[PDB]
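Before any questions on how it binds or moves, here is one chain, the form deposited in one PDB entry, in structure tokens.
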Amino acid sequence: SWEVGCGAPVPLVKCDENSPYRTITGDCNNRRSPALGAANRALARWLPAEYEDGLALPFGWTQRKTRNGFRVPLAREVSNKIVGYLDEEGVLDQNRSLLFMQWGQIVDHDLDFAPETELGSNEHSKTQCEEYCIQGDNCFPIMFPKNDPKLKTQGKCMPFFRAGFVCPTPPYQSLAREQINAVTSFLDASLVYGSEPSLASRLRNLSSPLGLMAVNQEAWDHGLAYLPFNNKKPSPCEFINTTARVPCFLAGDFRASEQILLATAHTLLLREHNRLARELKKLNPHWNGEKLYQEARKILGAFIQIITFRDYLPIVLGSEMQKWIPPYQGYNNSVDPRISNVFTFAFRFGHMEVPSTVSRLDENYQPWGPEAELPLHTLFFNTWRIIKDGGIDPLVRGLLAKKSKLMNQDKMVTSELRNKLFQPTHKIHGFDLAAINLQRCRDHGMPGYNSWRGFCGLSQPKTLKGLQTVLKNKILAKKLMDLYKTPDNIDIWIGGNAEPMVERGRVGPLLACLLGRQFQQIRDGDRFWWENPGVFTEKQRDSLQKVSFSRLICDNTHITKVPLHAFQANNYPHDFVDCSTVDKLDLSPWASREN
């Protein structure tokens, strides 16, 4: 029976089973099935994988082979015709701060990561893909359609490498290709701590018995910590400004430096871990480093769980929140905690919530110097603008005082992401996230729009008129039909995001159902869910109920004025209160007296 079992390293351990702490890897959470939700395993399949050849070849591989008797449109064609827009005026979400966008990416990165196949480490395979646009093996290039401006300027294609599967060879006992989740399916702050023991240890301060995470020794933010530098070379962050030569940050997550506001959030969380560890050292001076690390790690985890379920999901799911995530009825070990392949595409709704600029604000929330507002694309893999240009406080103020972009059927993804994306492997602000998203859908063997509509119990539009009624939009339906010919072939990422938003929410019905069910499962199937009896004391839970992102900022920056509800659109000064008004995390319930 050939077992194409290769993917990546699965550390292997015997489960403690009576540890009050999560493993780094996510192993041992489910006692009956200790690998369930652990990193470096196949994403769960809610529907069977759909491949050109039933095994591995994505739809669009063989220019000839159809999907239900239709050619699939070029990913860049779909992007150009549907996803692009010119006018950034009027596009901002009037009731979501920029923090709404940024928290989404944080939650996402905690939950799932499907890394591109390596093998191209000091490689000519890279060259044959980038330089020659040659399809084969893991090179699945994004070809430019006719009349594409990038044809005139960049070449024939954007290079694209297929997601890591149960790893580099394609021959088995005949099974469909399954993409790997490199991070823990649990909402467990894995993007801070790592999902791999070796990295998790390297991130820690083992020089002192104080359970701290390692902090940068070369640079400080007016006394406050930065992440360490990643000193792996070559550095994409060094490359975007070779004068400054400021490398990417080293974090529990490989993607931490992808853009400056994600770098910022990673900084906030690390600071909070050290603050937590110092407070617990005061309360319990007998606690050793391991105990301090795990107990701070455990609080920070529940903090992420609480902000996500109390503050974030309701303003994503709106009317559908209670349908998919009713009140918690305790841990259910029969619930699958693993993130689904399809969820990794559903949650990419965030790409339509990213605006075209980022602002640095001063202490009166006014523009910070002459270059306050920057084009998004200049901030991809940009750490020098933090280290060499004001630290994180100006960007945090921007997160509070500026707005997420609203998803718009006529204005889906900003050109900053749709034309000017920088990839860490490559040299150009020339990539298309929307085209990459659609290519990746096919790479991952995604069933089509109507397959998922069916999965979610929703009508399956079969005609122009049907799609016009689902989408409440005649031109979008038409452009969609001209490209895809049947709604059956519409790739899940554009399909789900095309649908108008549910009442009081920021996604359509299909996405709500998909995200709703996934978030129900990561709660109910998590043995270390913060509300699971025995994980915290009743009193520790009473303390935890009072956490807010506003407090996190108050406690880990020199910002003294914050809004009470950090996710809604807030203007300074009317919506901003002094930090002394904000509920604190009372840690007195973590005091441990042997007497």
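The numbering used is simple: start at 1 and walk along the sequence shown. Here, rigid core means the biggest group of C-alpha atoms that superpose within 1.5 Å across both forms.
Below, we refer to the form deposited in another entry, which is not included among the displayed structures.
Once you line up the core between this form and the one not shown, the CA of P168 is the only one from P145, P115, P168, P209 that shifts by 2 Å or more.
Core-superposed comparison between this form and the one not shown: CA of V10 displaced by 2 Å or more. Relative to what is shown, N40 and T169 are closer in that other deposited form; their C-alpha atoms differ in spacing by at least 3 Å. Inter-residue distance, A434 to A8 (Cα): increased by at least 3 Å in that other deposited form versus the depicted form.
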